[PDB]
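In: experimental coordinates for this protein are included below, preceded by the sequence.
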Amino acid sequence: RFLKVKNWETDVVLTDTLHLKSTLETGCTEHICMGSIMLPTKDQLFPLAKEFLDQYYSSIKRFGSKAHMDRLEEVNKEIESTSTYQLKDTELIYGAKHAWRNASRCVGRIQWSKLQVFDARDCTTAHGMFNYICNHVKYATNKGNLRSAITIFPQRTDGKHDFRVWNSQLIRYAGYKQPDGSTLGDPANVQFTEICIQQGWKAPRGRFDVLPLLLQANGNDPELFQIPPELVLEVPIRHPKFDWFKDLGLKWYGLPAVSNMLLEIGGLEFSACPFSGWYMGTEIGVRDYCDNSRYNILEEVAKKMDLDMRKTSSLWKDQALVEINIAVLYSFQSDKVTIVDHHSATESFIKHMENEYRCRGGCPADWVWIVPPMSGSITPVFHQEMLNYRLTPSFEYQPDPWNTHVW
Amino acid sequence: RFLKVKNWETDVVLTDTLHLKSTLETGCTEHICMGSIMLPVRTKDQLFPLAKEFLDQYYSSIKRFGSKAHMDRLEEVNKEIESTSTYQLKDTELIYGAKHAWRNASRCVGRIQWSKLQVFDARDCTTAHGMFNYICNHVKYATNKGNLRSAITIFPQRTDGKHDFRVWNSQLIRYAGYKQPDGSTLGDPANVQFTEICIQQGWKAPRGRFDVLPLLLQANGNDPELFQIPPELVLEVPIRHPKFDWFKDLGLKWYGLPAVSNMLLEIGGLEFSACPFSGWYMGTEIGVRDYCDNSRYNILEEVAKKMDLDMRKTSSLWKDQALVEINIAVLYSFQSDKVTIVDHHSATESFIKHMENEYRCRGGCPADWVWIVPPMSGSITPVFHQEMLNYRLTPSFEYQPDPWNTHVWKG
Ligand code: HEM
Ligand code: HEM
Ligand SMILES: Clc1cccc(CCCNCCc2ccnc(-n3ccnc3)n2)c1
Ligand SMILES: Clc1cccc(CCCNCCc2ccnc(-n3ccnc3)n2)c1
Ligand SMILES: C[C@H](O)[C@H](O)[C@H]1CNc2nc(N)[nH]c(=O)c2N1
Ligand SMILES: C[C@H](O)[C@H](O)[C@H]1CNc2nc(N)[nH]c(=O)c2N1
Ligand SMILES: [Zn+2]
């Protein structure tokens, strides 16, 4: 019940007590582990609020104080009256920072307390949502010197008036299925690229077409909006060794911004809460570029490197993979856009783990996601045992809006 | 209940029913997942149900469930248990048992091969010298001049736990490790403690970088004894790189036979604490873990130096770059010398097919994603994209404490 996690490269043992505050369920049982599975009322509300406010007030060293008790009563009064309640700006910022802190799949959490929270709860329309998003995009990009940020639209009321950003990321490339049977652009977005067109988008059918924003306010039908190109910073991908690499016509966007997730704070649900940080190199080079169901460019690059692709045992796929990722990091660094390599990031995460064990008694972490999709065992986190569990406040997944939207 | 796993690269969805037959525990709960934790004497009371459950499986597999042969055997085992407090497995049951424990090894990527396992019955063994003889025959059969064959040798089961057979080596063939006075390590750092024991037990160490450890064998609860595996039985491969001619000059070699000797085989409640088994290597075992782990030979630096890599910033990915070449050299060398080896693409791809087959014919395939995914180039192998369920079936291979911590020394 007081658990220990061992790093097998350094012999460091940390003790975990934080897990004994976990409330939500993992998907696992004593008989079966689901660690690699991607997704395993008024009375409901107040204990949730209470748990949150207790944490908040303990974090500011006024646990059980006047203000604490006062606030507890105040919220309690509001819930009974209004069937919900509103967070104070202080609570909102704290909630959001702690949702990031608790996100067991994010490797970048050492930065957690340096989050810029944009309070967009006064927003009422999609145009409004568009304005708030552009401001977020411009602020976070910061001419290439990325700053972490989140923008928080109004909380769910009766699930009929939900704010949603339909895009999965604020900035993604389009996906077109060809008569050819092949697929142009990003295949992860083929369906989303479709719905953009069904609602009205004038697709230019290219390889790297920046998708439009598709914003839903107050439960209404969603609306399309083109992000000003001058706000979308992009990096052309070249290789500091292969002059031919540029001829591949590869580029990527600099701002990684998750927009499809649900932020839960003290029982309240924020269904539109786009957040952004900066890329770990492998996210683009390994996953976006090399996944079979994505841009899948390994064959092209290997062909261009003139490798023996006759045999898996030549490790040509591995060879190309490295070069590509060298290029990605190179291109971002040369255009002065923030990016972190998988070595630096994981190293920082181990440090963050030590801090969290020390100042908080633990750090929930999902090894399957923290370990980079290349060179796993030459990063420190490979040899680091982790305990995975769900704390609140949290970022949760939520259904794609098209499957739910009452048109 | 039915459970679904999804491959996100192919959208193939599989349904697991097999997990219902799982009794042992995972270490996880509804509130915590211990999926990355490496490591989260038995009365007649608990033994016969275990025996029944095993024999029931056995008889089902041979399509004789409920037969007279089946019922008579259950009867025989029950009577033998209460009379003698234990029981003996038939040769057929032992073979079936050993294969199925490999089959259920959720951390093993090579299980497509599970049904082709040479089982050597060493239950008539009584002494360490007898253990050495058996182990030699294993090494020679499995090696087969480089055309490797999977094999397991099974020494007598545990009785009261005071008479255990144990192989003290973690692997039948491994290299010595020596801590120097200056704090550096010569040879394999993972074998420092074990090398020290051997030296203490009387081993005369050449003190080199690749000294094949002697065998330290414990029979019937007695103190362990040292034996040197005949060198001519130890197949080794010099590591060279197909383009880099300076690579040979690193002075690297490895052995061809990968053989786990410190695990415990459970079959029908019986405990076989000495059960060394061998397969063949997936390249990354040597190339990535053996050579490049910081706590192992750790050759990434010297290799990268000689590659003239920009080692000044980690964002040059010099480490990743060296890692690949080293793994290229390992596979190259083994194939050149015609010793069996498999690359991680080939091996993971076969495992996906094996897994799909197991769901269709068996209703499941327990699998530990944290272990199954190779330690380099994870997402360009198909297992990375494969959802897996992990649970514990018997028969099984289990960890057991190192015998130097538990042994009661005679003297
Ligand atoms: C600032 C530098 C950051 C870095 C280097 C970073 C890194 C990562 C990486 C590599 C992933 C894996 C994504 C994938 O493979 O799909 C991830 C996921 C995640 N990150 Fe971050 N992140 C950063 C900032 C943030 C911020 C600002 C937030 C929220 C405030 C956040 C919350 C999350 C969450 C909730 C996930 C899980 C996403 C999912 O489950 O699909 N991260 N992060
Ligand atoms: C024939 C080719 C085989 C291949 C390519 C293979 C592959 C692997 C690999 C890569 C591992 C991970 C080892 C590590 O990273 O520490 C492993 C683990 C394991 N294998 Fe195999 N294996 C083979 C044969 C066998 C055989 C014959 C058996 C048993 C009869 C077996 C049983 C196991 C077990 C029990 C583990 C877990 C080891 C542990 O937890 O330390 N494998 N296998
Ligand atoms: Cl459950 C499940 C099943 C299929 C696909 C999936 C997508 C996971 C994508 N995760 C978001 C990736 C992403 C993209 C841009 N930026 C970030 N990002 C930014 C800061 N932190 C993370 N993260 C989930
Ligand atoms: Cl639980 C835990 C914690 C720290 C170290 C540890 C040792 C893992 C060793 N795994 C076996 C490695 C190995 C070596 C040679 N051969 C094989 N092998 C042969 C057939 N299948 C696997 N496997 C366990
Ligand atoms: C099946 C498996 O759970 C799936 O492929 C996971 C593996 N680990 C991951 N890790 C990260 N960081 N991102 C991912 O999308 C995934 N996908
Ligand atoms: C802490 C972590 O679980 C540990 O380092 C695991 C990770 N995955 C592994 N996978 C394999 N094949 N072998 C290992 O030793 C490990 N080590
Ligand atoms: Zn689990």
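Out: Structure's in. What do you need? Numbers count the residues shown, from 1 in each chain, chains lettered A, B, ... in the order given. Ligands and ions are numbered 1, 2, ... in the order given.
In: for whichever residue of the stretch 101-250 of chain A sits closest to ligand 3, give the beta-bridge partners.
Out: Going by Cβ to the nearest ligand atom, ligand 3 is nearest to residue A:169 of the stretch 101-250 of chain A, at 5.0 Å. No exception for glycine: its C-beta is placed from N, CA and C like everyone else's. Beta bridges link residue A:169 to residue A:258 when assigned by DSSP bridges.
In: SS state for the closest residue to ligand 7 within the stretch 51-200 of chain A?
Out: Nearest to ligand 7, among the residues of the stretch 51-200 of chain A, is residue A:104, at 12.2 Å (Cβ to the ion). Counting by DSSP: H, G, I helix; E, B strand; the rest coil, the backbone at residue A:104 sits in coil.
In: same deal with residue A:77?
Out: Per three-state DSSP, residue A:77 ends up helix.
In: about what we covered before: wait, what's in contact with the residue of the stretch 51-200 of chain A closest to ligand 7?
Out: A:364, A:365, A:366, A:369, A:388, A:389, A:390 (Cβ atoms under 8 Å, 6 or more residues apart in numbering or on different chains).
In: relative to ligand 2, how far out is the residue of chain A most remote from its centre?
Out: Distance from the C-alpha centroid of chain A, by Cα atoms, centre = their mean, peaks at residue A:310 (37.9 Å). Distance, residue A:310 to ligand 2, using Cβ to the nearest ligand atom, to the nearest Å: 22 Å.
In: picking that back up, check contacts around the residue lying closest to the residue of the stretch 51-200 of chain A closest to ligand 7 once chain neighbours are set aside.
Out: Excluding its sequence neighbours, the residue lying closest to residue A:104 (Cβ to Cβ, 6 or more residues apart in numbering or on different chains) is residue A:364, at 4.1 Å. By Cβ under 8 Å, 6+ apart, residue A:364 lies in contact with A:18, A:19, A:22, A:102, A:104, A:387, A:388, A:389, A:390, A:391.
In: may I ask which of the residues you listed has the most neighbours?
Out: In terms of neighbours by other Cβ atoms under 10 Å in any protein chain shown, the contacts of residue A:364 top out with residue A:389 at 27 neighbours.
In: my read: it touches residue A:27, true?
Out: No - assessed by Cβ atoms under 8 Å, residue A:389 is found out of contact with residue A:27, at 11.0 Å.
In: could you report the neighbour count for the nearest residue to residue A:387 once chain neighbours are set aside?
Out: Leaving out its chain neighbours, the residue that sits closest to residue A:387 by Cβ to Cβ, 6+ apart is residue A:16, at 5.3 Å. Using other Cβ under 10 Å, residue A:16 has 22 other residues around it.
In: so which residues make contact with the helix or strand where residue A:151 lies?
Out: Following DSSP states H and E, one finds residue A:151 within strand A:149-152. For strand A:149-152, contacts defined as Cβ under 8 Å, 6+ apart pick out A:92, A:96, A:100, A:115-121, A:132-133, A:135-136, A:139-140, A:263, A:270, A:272-276.
In: for it, C-alpha coordinates in CSV please.
Out: Extracted C-alpha coordinates of strand A:149-152, given in CSV (Å, rounded to 0.1, in the frame of the first residue of the first chain):
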residue,chain,number,x,y,z
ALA,A,149,-0.8,27.9,-22.9
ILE,A,150,-4.4,26.7,-22.5
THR,A,151,-7.7,28.4,-23.4
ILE,A,152,-10.8,27.5,-21.5
